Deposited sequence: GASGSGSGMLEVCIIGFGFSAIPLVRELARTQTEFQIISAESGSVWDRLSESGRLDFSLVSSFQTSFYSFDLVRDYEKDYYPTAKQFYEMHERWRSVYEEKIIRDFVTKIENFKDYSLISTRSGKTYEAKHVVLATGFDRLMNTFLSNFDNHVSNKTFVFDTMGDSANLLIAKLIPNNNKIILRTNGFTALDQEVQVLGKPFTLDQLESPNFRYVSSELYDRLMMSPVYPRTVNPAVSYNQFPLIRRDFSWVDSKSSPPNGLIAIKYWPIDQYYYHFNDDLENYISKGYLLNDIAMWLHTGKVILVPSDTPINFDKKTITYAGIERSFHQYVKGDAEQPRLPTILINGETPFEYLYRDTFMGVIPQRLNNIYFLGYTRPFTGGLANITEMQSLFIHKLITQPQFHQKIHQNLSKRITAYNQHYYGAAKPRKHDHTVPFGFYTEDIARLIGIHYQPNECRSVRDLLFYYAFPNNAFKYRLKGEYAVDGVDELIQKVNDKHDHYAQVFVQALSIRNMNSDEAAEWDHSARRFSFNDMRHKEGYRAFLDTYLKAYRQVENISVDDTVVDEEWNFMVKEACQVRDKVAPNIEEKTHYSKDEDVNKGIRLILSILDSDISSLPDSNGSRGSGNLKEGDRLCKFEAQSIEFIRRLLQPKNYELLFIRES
């Protein structure tokens, strides 16, 4: 009988197949001939976009140890070509067929296929991905539509990509919204560019959930009164977060869109716009679209006449060309019968770590946990080590399953509280998930074992990418030592994000919210750095039309649209005049000061250590024994 059957091979299954081949575990893959969305987008020539996730979090450790030389955002073409390169390695192990039913029993599972062939396996892994209706909308989208009005009822990464393609052709975008969370995918720290995944320092949650809440949540929750932040200029971008009932922040279930801020897009791509646009690097600054009025937010109750294709706002019956409603992604799961009898019903919170459904036996889910920020690779690489250890080591399989129900209950209370299950429950902060899996597997690090300040920087400030836990130990990948060294040298050993915790150690949430936005350019949604890129935007729109071979008449002025923009931007026109020039930027001066201190005692032992320095050395000493380190779902009962 087959030891392992993997149903679905695209991207999530790659790191698991690598570990099974290394231990020479008997496995077989069954994946359909149709392929994935990247296959459909390749055949139609629609891989002309880039990832919302950084290279260091979007490619696997065993690829990064060879190819990493700098931080950047890969293209969809590079992402798919990596999918194809690995499929070529493992094509001999893939049966091209479609699984239609799985009958799960106490020790094995009976797998049925579309061709009629039957397979038995002791361990079954599902890595089939998700179905999304927006995928087909992207696959049939005509990029030549011009001078039309579009109404979106949902905002997301796919809607933002569609808007990025609609803006340059003089298309007007109406968002009937109940709010959305948008974050600059790259920010500046003292002028230097940082992708947002670099500044999350998740292990500071072990100090206190309140400190880490003040570290992260001011750009999400309306905590600052600073008139330069987008959620003060456009209050309809605010979401209702009354569902949050956990003390772990950012909460599980929170989703955000990652976009190019126009100032960072200009920094990277201005000197070769047409080539970068053709490569897939598209300006998608939703904050810039609201600033210029190319996108307006209207209340969700704004009346739409779907018969006449009109939307009534600002006393205007605005005709629209197309209405866009996003869907909810659902896992591509085949029919699964518990004990061969009872249909299994998927529920993320009824699985352990998104991997182990407790209603089934020896069935594992790979690729259904979504990262809040960064690429899926961080999640699926850690999931693949977790699944591999469960499959190949019976004492670990036993240790996890003996109290599986209690682990799931303890996990849900920690990350969801008393909140009822939501459709977005599968979204987790990547630095929390990778660390949780590392502690479950035993490839984690110990904060009490740091001896120098450099050790505390690596533990707390170095991002919890998958490869961070593959330097030594059971699942070490060769070359990670050089990779971690290269990453440390290019990011000043992450002292800058370490210093942020130093700077807000004695602040309350309101003081930290104001300190976050006291910078000349605060990380996310800074509306002071948009107007200065208006002329560049015109250059961008022209470069886009040349790449796409489009002729767009942008002379006819839409006085009706300008009237709706004025109605929609009343709050902006009231709060933006209150933006005041300042002589000191507290965050910049505090972070620059702390970096000087940290880099001066970088190699000193913590035991071998006039006031800011004194409270910082005390803060550094307390880091050896964090008081919020307990994670109940890690324990065996």
query	finding
Gaps in the model, given as deposited-sequence positions counted from residue 1	1 to 8, 618 to 635
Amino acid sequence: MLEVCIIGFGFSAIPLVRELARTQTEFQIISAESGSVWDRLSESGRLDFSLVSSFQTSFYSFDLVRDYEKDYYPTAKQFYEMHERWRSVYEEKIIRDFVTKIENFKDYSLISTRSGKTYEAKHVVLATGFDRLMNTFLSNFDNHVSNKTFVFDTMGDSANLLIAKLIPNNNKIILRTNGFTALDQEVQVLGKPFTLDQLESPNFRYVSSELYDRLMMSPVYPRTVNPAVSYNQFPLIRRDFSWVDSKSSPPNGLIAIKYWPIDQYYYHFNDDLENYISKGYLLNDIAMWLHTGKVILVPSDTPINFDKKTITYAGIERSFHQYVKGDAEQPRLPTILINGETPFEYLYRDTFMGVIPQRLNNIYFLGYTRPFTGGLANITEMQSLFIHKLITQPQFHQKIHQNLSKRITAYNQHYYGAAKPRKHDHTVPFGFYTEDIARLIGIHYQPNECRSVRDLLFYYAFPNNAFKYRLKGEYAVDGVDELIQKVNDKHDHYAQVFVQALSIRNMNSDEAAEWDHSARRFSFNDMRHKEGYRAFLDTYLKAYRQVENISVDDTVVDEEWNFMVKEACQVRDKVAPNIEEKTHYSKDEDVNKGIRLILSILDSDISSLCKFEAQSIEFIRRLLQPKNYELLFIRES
From here on, numbers count along this sequence of modelled residues.
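Under this definition, the rigid core comprises the largest set of C-alpha atoms superposing within 1.5 Å between the forms.
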query	finding
In 5 other deposited structures of this protein, rigid core aligned: more displaced of 315 to 323 and 281 to 289 by C-alpha RMS	315 to 323
Between 324 to 332 and 364 to 372, larger RMS Cα displacement in 5 other deposited structures of this protein after core fit	324 to 332
At least a third of other PDB entries omit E581	yes
Test item: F55 lacks coordinates in at least a third of other entries	no
Stretch with the greater mean C-alpha B-factor as recorded in the entry, comparing 107 to 115 against 257 to 265	107 to 115
Segment of higher mean CA temperature factor, 535 to 543 or 157 to 165	535 to 543
Options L138, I356, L211, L347 - largest CA temperature factor per the record	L138
Which of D197, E449, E567, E435 ranks first by CA B-factor in the deposited coordinates	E449
Entry-reported Cα temperature factor of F619, expressed as the chain third it lands in	highest
Ranked against its chain, the third holding the CA B-factor of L632	highest
Third of the chain, ranked by Cα B-factor, where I6 sits	lowest
CA B-factor ranking of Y206, expressed as a third of its chain	lowest
Chain-relative CA temperature factor third for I29	middle
